[PDB]
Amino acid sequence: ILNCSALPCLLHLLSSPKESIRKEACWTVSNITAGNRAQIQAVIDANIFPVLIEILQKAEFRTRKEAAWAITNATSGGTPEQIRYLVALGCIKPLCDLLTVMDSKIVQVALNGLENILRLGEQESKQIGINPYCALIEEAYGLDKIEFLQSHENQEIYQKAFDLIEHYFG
């Protein structure tokens, strides 16, 4: 149990040899990323998201789960500027990877994170009348993996999946 004054303190902890630390470091970042827009911006300024997305692919499962929560929270309370930054880092593919996992909770987290990115595309379409993130999700095999979830056991997942397809794709 411990506190930190500086934010780049954690950047060191996320690149440690011990998984047990990295996991809990990611869990802490997700609490910060759950906060307001300035708190999200702090994490962006400390260059933390680049290593989170690297973790979200390469790290072992228990760590990825917390790294996923962190990124989805960013997309939830983040500004259009901040979300575009995450997409530019290439967070869509890492999220689409999680869609096929066994844990229902982690699937919903991925679906929310993708939905947040897709709903931003609705605004961007008004501002070439097309959603730019539809193409990126399809190219990351996300479209098909969402299609799979339409036949999923859990009610909360299969309704979300059907909604995303009808609203943004089909």
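Numbers follow the displayed sequence, beginning with 1.
Unresolved deposited residues in the interval that joins residue 127 and residue 128
Unmodelled stretch: 1 to 3 residues, a short break.
Return whichever of 131-139 and 43-51 has the greater mean Cα B factor according to the PDB record.
Between 131-139 and 43-51, it is 43-51.
Give the stretch, out of 96-104 and 79-87, with the larger mean C-alpha temperature factor in the deposited entry.
79-87 has the higher mean C-alpha B-factor.
Ranked against its chain, the third holding the CA B-factor of residue 151:
Lowest third, going by the recorded CA B-factors of the chain.
Third of chain Cα B-factors occupied by residue 35:
Highest third.
Residue 122 CA temperature factor, ranked by third within the chain
Highest third.
Which third of the chain holds residue 57 when residues are ordered by C-alpha B factor: lowest, middle or highest?
For residue 57, whose C-alpha B-factor we compare with every modelled residue in the chain, the answer is the middle third.
Using the temperature factors of the C-alpha atoms in this entry, rank residue 112 within its chain: lowest, middle or highest third.
According to the entry, residue 112 has a C-alpha B-factor in the chain's lowest third.
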